[PDB]
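Data first, discussion second: the structure below is written as structure tokens.
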DNA sequence: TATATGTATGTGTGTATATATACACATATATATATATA
DNA sequence: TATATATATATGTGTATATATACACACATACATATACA
């Protein structure tokens, strides 16, 4: 059967947008952990959802985009 | 079934045709409601983004397709394209031009054929190429497509022929693929093979075929993967094989080494490996439309798959051989050899090699070959070399074995002591001899570096009899011609 | 590649063996690098932006790595080599 | 799962064949290494 | 361009040592390749 999808349902079903929509092994996955006033970058040896990290990432890069866009400006 | 996939690439035009059931020649209701005109299924399949039969993929589905996007990506990068598809009662021809801007109405006739063909001209100029393609661009693109077809031919089932520009594609096995990729770095090499099976459905329905070559002249680890038909370049299946091989390699390295302290990692384990992995994996996901990288939990393989131990053992053996060899290759890389001026060139067969017995003999011969005008009719270093026989030659007649193989031929395999003799290694490297040659024809007898070996030995009974007879016995036992 | 070319040069210099041939894996397997900044005109391989796409010559034509950094790096790496 | 059973290495003796290496000592020369100048 | 290192070579008469190959055969150590099975 040939189906036509909209953006919404597509993005919920398809991994092409943000990565896998379930937990997979992400090679090089790191996080920052505090050990007595010291930041350490440590590996996270546990599967996680790439799309879940992407929704954080998309907003964060929108913010840093705005920062560059405004850095030579008045406001 | 699909019995063939014909791919062609000629004068810029690219074409692909398969012969299973065609795409349904039928009106698409919802697509027509959207378009407010009559739209058939092939037009949705080729012109409607996010549309296809894989929008709702099953967890067990091993098709590469998932997004309903790829075909329209082809159309959008086509100056012109032709979709032709027949279902056994009708044929359907639709032309899709100007990067999906002009979608001509289709033409539907009766036909009893059954097939699907996409034919198109890319926008080479818009994409950075010459118009028409240059000699180099054309040859590069043809080679790349030819490669992709070979990969299909290894992934596709056994009732399906893959054609490229009408010739069938040879490489129906991962061994064929391995040989193709290593024909230059490592011709005539050993191909480790494995069929990696799983015990639980759906994984047990899809064995992974694997072929690997292991060579000291491989500089880094390297894999070729066709997974679900996709030539992807990153995925935890590779890491599964890498880690398994490494664990075994570390175990046997610490076993075989009596140093017992050195610690090697995955780069040491795997940098001499080239692997081809071909097959289907259900339930995988990708990191984008390109499908460069598959996404999966590593434990899928730890739980379900097992690499056959014979393959692991073979691989570990080859790799640990290389490891110890690399540790002691610095002591292999000092013989006494005076090269003639014309050794190995255009007049190489005009040259002699005066193999003397020690170093005082070389003092005599170098005194003799330098009488420049006291001997105007004599020889000199323009066509004469020198080398030392190192005392007494080893014999090979007591240090070799004729072993009988299955085809009915006894091959003559040497000893590890005879192989590592520094004197005979010197004359083989100097003369350029080859052990598996026979030198029956003159076309083979002109591939050497000198024209004759000349034994300048002593005339006392020891040097005239013993080491000259052992030199004759060596040359008789390996090259009587 | 830049660090490797310098590392190979100084390795053959410092070594009096003068025959051994090392590649990029030998050169670089003891390196951890952080690179931060902006590059105009790049493209990606998908929405995720895991991989940027660019002609290598952009850097060969336009950018230069300061030699003091290259020298320091090559020194540390050849010490390990 | 123990058993043989035919494979392959491996020092060892006398009389031969052909080589290799560390150190001391005095003084003139050398080729690249180094400051600090800047 | 300069003043300054620290290592580096060669000569005669001395002080010390190392190592490859042939040749025969009784003997020692290492599998490994089957063959009943189990």
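Here, each number is a calculation from the coordinates, and none is a lab measurement. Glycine also receives a Cβ, built like all others from the backbone with ideal geometry; neighbour counts cover every protein chain displayed.
Exposed (fewer than 11 other Cβ atoms within 10 Å of the Cβ), in contact with a helix residue (DSSP H, G or I) (Cβ under 8 Å, 6 or more places away or on another chain) and more than 14 Å from chain B (Cβ to nearest Cβ): which single residue out of C:38, C:67 fits that description? After ruling out the rest, the residue left standing is C:38. Out of B:320, B:334, I need the residue that is within 14 Å of chain C (Cβ to nearest Cβ), within 27 Å of residue C:26 (Cβ to Cβ) and not in a strand (DSSP E or B). Which one? So the residue among B:320, B:334 that is within 14 Å of chain C (Cβ to nearest Cβ), within 27 Å of residue C:26 (Cβ to Cβ) and not in a strand (DSSP E or B) is B:334. Of all the residues in segment B:102-113, those that are under 17 Å from residue B:44 (Cβ atoms) and assigned to a loop (DSSP other than H, G, I, E, B) number 3.
A search for C-beta distances below 6 Å between a residue of segment A:26-39 that is part of a loop (DSSP other than H, G, I, E, B) and any residue that is surrounded by 10 or more Cβ atoms within 10 Å (Cβ to Cβ), counting only pairs 6+ apart in sequence or on different chains, returns A:26/A:48; A:29/A:44.
The set of residues from segment B:351-371 being away from DNA strand E (no atom under 15 Å from the Cβ) and assigned to a helix (DSSP H, G or I) comprises B:362, B:363, B:364, B:365, B:366, B:367, B:368.
Only one of the numbered conditions (1) surrounded by 13 or more Cβ atoms within 10 Å (Cβ to Cβ); (2) within 14 Å of chain A (Cβ to nearest Cβ) is not met by residue B:58, and that is (1). Scan segment A:1-16 for residues that are surrounded by fewer than 11 Cβ atoms within 10 Å (Cβ to Cβ) and facing chain B (nearest Cβ under 7 Å) and the total you get is 1. Among the candidates B:102, B:96, the residue that is over 20 Å from residue A:9 (Cα atoms), over 38 Å from the mean Cα position of the chain (by Cα), away from chain A (no Cβ under 14 Å) and loosely packed, with under 15 Cβ neighbours inside 10 Å is uniquely B:102. The set of residues in segment B:401-437 being within 12 Å of DNA strand E (Cβ to nearest atom) and touching a strand residue (DSSP E or B) at 6+ places or on another chain (Cβ under 9 Å) consists of B:403, B:404, B:415, B:418, B:423. For segment B:273-303, the set of residues classified as within 14 Å of chain C (Cβ to nearest Cβ), assigned to a loop (DSSP other than H, G, I, E, B) and surrounded by fewer than 23 Cβ atoms within 10 Å (Cβ to Cβ) consists of B:288, B:289, B:290, B:292, listed by residue number.
Residue count for segment B:440-463 satisfying the condition of being within 14 Å of DNA strand E (Cβ to nearest atom) and closer than 25 Å to residue B:400 by Cα: 2. Within segment B:374-394, take every residue that is surrounded by 18 or more Cβ atoms within 10 Å (Cβ to Cβ) and within 12 Å of DNA strand E (Cβ to nearest atom) and give me the one that is farthest from the other protein chains (Cβ to nearest Cβ). It comes out as B:393.
Only a single item in (1) within 14 Å of chain C (Cβ to nearest Cβ); (2) surrounded by fewer than 20 Cβ atoms within 10 Å (Cβ to Cβ) is not met by residue B:306, and it is number (1).
Does segment B:174-185 include one or more residues that are farther than 23 Å from residue B:301 by Cα and assigned to a strand (DSSP E or B)? The answer is no; no qualifying residue exists. Residue check: residue B:329 meets all listed conditions (1) part of a strand (DSSP E or B); (2) closer than 20 Å to residue B:428 by Cα; (3) within 14 Å of chain C (Cβ to nearest Cβ) but one, namely (1).
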